[PDB]
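Turn this into a model:
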Amino acid sequence: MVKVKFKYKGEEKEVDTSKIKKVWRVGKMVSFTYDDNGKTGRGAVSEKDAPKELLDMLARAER
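Numbering: from 1, shown residues only. Have a look at this structure:
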């Protein structure tokens, strides 16, 4: 129930933490995939603007 607000190609978008599948660390940024209903979608936020739950998911994915 944590919401990640991200800009994709100049369009403001929002995806809940529960919908996110893959999270990666790319430089200063957190790039990710989520499940927009049947399809998969992609987005990214900077690590500075990221909510705590997203960053915890990132750390989990780095084991």
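
beta partners of the most centrally placed residue in the chain?
In the chain, the residue lying closest to the centroid (C-alpha atoms, centre = their mean) is residue 32, at 4.5 Å. With DSSP bridges as the criterion, residue 32 is bridged to residue 23, residue 43.

can you pull the contacts of it?
4, 20-24, 42-44, 54 (C-beta atoms under 8 Å, 6 or more residues apart in numbering). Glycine gets a C-beta too; all of them are placed from N, C-alpha and C.

Out of these, which is nearest to residue 12?
Checking the contacts of residue 32 against residue 12 with C-beta to C-beta, the nearest one is residue 43 at 10.7 Å.

In contact with that closest one: list those residues for me.
Residue 43 sits next to 4, 6, 8, 13, 15, 31-32, 34 when contact means C-beta under 8 Å, 6+ apart.

and what of residue 47?
25, 28-30, 55.

Could I get the phi/psi values of it?
Dihedral pair for residue 47: phi -60, psi -30, per degrees, to the nearest 10.

related to what we said a few turns ago, now the buried members of the contacts of residue 47.
By neighbour count, with 16 or more other C-beta atoms under 10 Å, these hold residue 30 as buried.

Out of the contacts of residue 47, which sit inside strands?
Residues of these located in strands (DSSP state E): 25, 29-30.

Now that we have the residues you listed, can you turn them into TSV and tack on distance to residue 50?
Converted to TSV, those look like this (distance: C-beta to C-beta, whole Å):
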residue	distance to residue 50
25	10
29	9
30	5
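
which residues does residue 8 contact?
By C-beta under 8 Å, 6+ apart, the neighbours of residue 8 are 41-43.

How much space separates it from residue 34?
Distance from residue 8 to residue 34, counting by C-beta to C-beta, to the nearest Å: 11 Å.

any shared contact partners between those two?
41-43.

and the contacts of residue 47 as JSON lines, adding distance to residue 61?
As requested, the contacts of residue 47 are exported to JSON lines (distance: C-beta to C-beta, whole Å):
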{"residue": "25", "distance to residue 61": "9"}
{"residue": "28", "distance to residue 61": "17"}
{"residue": "29", "distance to residue 61": "14"}
{"residue": "30", "distance to residue 61": "10"}
{"residue": "55", "distance to residue 61": "11"}
